[PDB]
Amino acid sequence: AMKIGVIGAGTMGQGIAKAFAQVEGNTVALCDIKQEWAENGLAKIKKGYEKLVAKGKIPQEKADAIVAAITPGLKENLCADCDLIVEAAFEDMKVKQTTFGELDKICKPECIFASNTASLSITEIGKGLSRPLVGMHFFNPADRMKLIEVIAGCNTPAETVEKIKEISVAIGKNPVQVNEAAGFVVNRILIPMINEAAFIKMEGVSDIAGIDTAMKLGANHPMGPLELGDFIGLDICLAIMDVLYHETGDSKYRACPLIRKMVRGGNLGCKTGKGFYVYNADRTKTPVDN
């Protein structure tokens, strides 16, 4: 028995709504700024579940049972008696502080405020609030990845970290406590990997398929690092590298100028059909250095 409000209806918010609604006994309020943005979010969840039922990987009764626990709307209307708030709205500081300042008046006092952000300070987002702000960081696709990073901020009490811990296990996830530093644990290790694999390309050491092949056969990684960057989106890798550099001031985390030149040109990876690989119609991918 839990009510969960999810502020943001793009990719992350829809997956976070699905992660709670998969557990029987949870109802999800899928909110956004315009009521029609939330409705497009719930239709996107529905459309996506129609594909799996087709590909035979989920039963239609389950899909229906998931969709039935999600309600689109506005936070003023749906988040009063919410037990947990998980925001996955746009990565802008002032938008977050506004959202949470409103919800602070809307929500009952018992409500837990959490943010899925990966680029901003949990500490600075929840500064003015009347209650603890915590980080509850999901990984795309949030309904299938079992990791949750629980980020403590400078003032986030330990009970608040402990509660998000219990909730993550309740929904079948594995929490990992992180004290707020840029990149947390997973992003701080993983994106500098992608960045090194790009320096190795830029410096002429090896080719794209070779760097990826070496990482797949040499370390038993599921993808190559450059494959992976296309699939994450090179724009997001660049932004994480730049966040890792600006927070620390450490030249160690400088982004590879090759990534920046591709993002400038719009070659963001799988989402643009072209990054280090070209994604064609016939389901084949070829590295851009051929």
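Quick note: we count residues from 1 along the sequence shown, nothing fancier.
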Higher-scoring stretch by recorded Cα B factor average, 249-257 or 54-62: 54-62
117-125 or 73-81, whichever carries the higher mean Cα B-factor: 73-81
Candidate residues 175, 135, 132, 183, the one whose C-alpha B factor the record puts highest: 132
Criterion, highest CA B-factor; candidates, 179, 97, 206, 195: 97
Third assignment of residue 36 from its chain's C-alpha B-factors: highest
Third of the chain's Cα B-factor distribution that residue 214 belongs to, per the entry: lowest
CA B-factor ranking of residue 25, expressed as a third of its chain: highest
Third of the chain, ranked by Cα B-factor, where residue 187 sits: lowest
Residue 48, C-alpha B-factor rank within chain (lowest, middle or highest third): highest
